[PDB]
2 protein chains.
Amino acid sequence: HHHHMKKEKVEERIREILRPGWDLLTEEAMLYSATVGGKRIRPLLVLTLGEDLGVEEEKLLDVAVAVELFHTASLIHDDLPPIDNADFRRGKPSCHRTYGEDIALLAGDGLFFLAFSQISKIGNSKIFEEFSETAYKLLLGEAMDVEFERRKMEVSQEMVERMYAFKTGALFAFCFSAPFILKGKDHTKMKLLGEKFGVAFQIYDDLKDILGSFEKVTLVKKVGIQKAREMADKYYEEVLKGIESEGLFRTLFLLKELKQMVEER
Amino acid sequence: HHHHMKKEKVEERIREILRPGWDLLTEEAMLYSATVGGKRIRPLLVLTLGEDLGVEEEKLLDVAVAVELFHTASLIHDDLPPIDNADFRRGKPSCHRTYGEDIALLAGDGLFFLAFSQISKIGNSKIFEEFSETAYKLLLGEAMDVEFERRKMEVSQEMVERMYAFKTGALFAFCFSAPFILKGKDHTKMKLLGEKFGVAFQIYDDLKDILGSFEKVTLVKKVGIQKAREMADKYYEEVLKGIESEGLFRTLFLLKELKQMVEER
């Protein structure tokens, strides 16, 4: 019920921000992509951490919505024909399949810009800086994924692990960090913990994709299923220990529930 | 010499920011696009206005570089095959023709993110807010241009004029505004003046494209060459009067020089 109340608040704000104003297919596409589904783990983490810390709900919801809009945009661009060429996303036709590649490209851009606009509402320069740094890292990570796949190049294990930390880890690092910055607490350790969480999250995604299936450089391909799973499990344990040590009990239980869901796959 | 010193400083900062660090083709592509050419009118306006106002040079150069990186990114995405499908840009092969559509898409995204990162360095929330609002407007303008062309829809003259004000006017509005915000002066009138300047700028671009040539909804197509040119000339006169009235003499002379160049086409 807890998680539901939080998700409903996020859904409502997303619908407000993305309500078309200019009779554009591009607006409709942004709204489509943002509402087709999503477990909303990223905004849920932000909101739950902020509750644990007692951060003002309005600034926290602005962060949570920003992260989700950004996430949405990143999936639109990843799905595009030049990149991953996904016909489907969340069991629904992809943005470009629904609206055209032109409209989908623009929708992705719009969503990123709206994400920055939400962050800017907070009026906290450190959050603006961190979010901007996070965006660029995510981009670097996506570029590495594309290039590692498509270039004839040497790709070390360390390079794959960095690509995970950038492509997936950076946005979780921000989710873990941003509530601490809003509280006026040092966020350096939480940022690293969030990055580890994101790496573990990506690994569990790789493993799900294998089970679901019943070129791309993945950590599972590089080190094997057993080692990859060991790395993910270890990082996840570190995250749980770190979260408990900070006394963040709502967040701890949220992370335990996510872990049980992974375990039940 | 004046304009040259300023442009060289911009070129140098752009090369610093875009110096690759990760051995990525995406990094190389961002640098390629940002350095293939450009008259650098947008950063030159920012730097010149800031000089007239006596604004601290470091914060001003961060704004100027941000605007140019953003501009660069917007041209990469416009050129892409789903949008305008340009084989050339500044007389050089386009980003996607040089590096691939995947790499070009990512380069555009990277440049926008770097632009926001530069803005965030300033530590001024009003600048962050204005820049973010500007980005979204520019996106709306591009969407309108694409959709007006491709949809079977009624497009009024007012809609075309709004599309100009968003697609081209918004970024100039920001260039005119940002130095006033950095000075702690009310920027509302300068923002409107910059928007008018951008509309006139777009119209002169339309007219150049006709002369150069010796579907898309343009103001020239809607109202005709004579009326369009009259609108541009009138807006430009308003801008010159407004700039002189604020005592911004370096900027006034820069704008007169740009106008003479247009006149000599």
# chains A, B, ... in the order shown; residues from 1 in each chain; ligands from 1
>>> interface_residues(of="chain A", to="chain B", cutoff="8 Å", atoms="only C-alpha atoms", output="MDAnalysis selection string")
chainID A and resid 24:26 82:83 101:103 106 109:110 113:114 116:117 120:121 123:125 128:129 132:133 135:136 139:140 143:144 146:147
>>> atom_distance(atom1="atom CA of residue 155 of chain A", atom2="atom CA of residue 214 of chain A")
27.8 Å
>>> closest_residue(among="A:229, A:189, A:9, A:222", to="residue 203 of chain A", atoms="only C-alpha atoms")
A:229
>>> closest_residue(among="B:227, B:14, B:235, B:87", to="residue 193 of chain B", atoms="only C-alpha atoms")
B:235
>>> residues_around(residues="residue 191 of chain B", least_positions_apart="3", cutoff="8 Å", atoms="only C-alpha atoms", output="PDB file with N, CA and C atoms, in the first residue's frame")
ATOM      1  N   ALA B 173      16.884  34.422 -27.306  1.00  0.00           N
ATOM      2  CA  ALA B 173      16.266  35.000 -26.131  1.00  0.00           C
ATOM      3  C   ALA B 173      17.115  34.726 -24.900  1.00  0.00           C
ATOM      4  N   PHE B 174      17.609  33.496 -24.785  1.00  0.00           N
ATOM      5  CA  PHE B 174      18.506  33.120 -23.704  1.00  0.00           C
ATOM      6  C   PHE B 174      19.858  33.845 -23.784  1.00  0.00           C
ATOM      7  N   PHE B 176      20.440  36.763 -25.002  1.00  0.00           N
ATOM      8  CA  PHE B 176      20.173  38.186 -24.632  1.00  0.00           C
ATOM      9  C   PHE B 176      19.943  38.310 -23.106  1.00  0.00           C
ATOM     10  N   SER B 177      19.267  37.323 -22.517  1.00  0.00           N
ATOM     11  CA  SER B 177      18.825  37.263 -21.111  1.00  0.00           C
ATOM     12  C   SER B 177      19.927  36.955 -20.130  1.00  0.00           C
ATOM     13  N   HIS B 187      15.643  40.795 -16.711  1.00  0.00           N
ATOM     14  CA  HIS B 187      15.979  40.318 -18.059  1.00  0.00           C
ATOM     15  C   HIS B 187      14.757  40.191 -18.984  1.00  0.00           C
ATOM     16  N   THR B 188      13.579  40.525 -18.481  1.00  0.00           N
ATOM     17  CA  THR B 188      12.320  40.254 -19.156  1.00  0.00           C
ATOM     18  C   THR B 188      12.253  40.921 -20.519  1.00  0.00           C
ATOM     19  N   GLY B 194      15.525  39.347 -27.664  1.00  0.00           N
ATOM     20  CA  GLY B 194      16.312  38.253 -28.222  1.00  0.00           C
ATOM     21  C   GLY B 194      15.440  37.302 -29.043  1.00  0.00           C
ATOM     22  N   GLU B 195      14.227  37.055 -28.578  1.00  0.00           N
ATOM     23  CA  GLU B 195      13.276  36.249 -29.318  1.00  0.00           C
ATOM     24  C   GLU B 195      12.963  36.891 -30.682  1.00  0.00           C
TER      25      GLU B 195
END
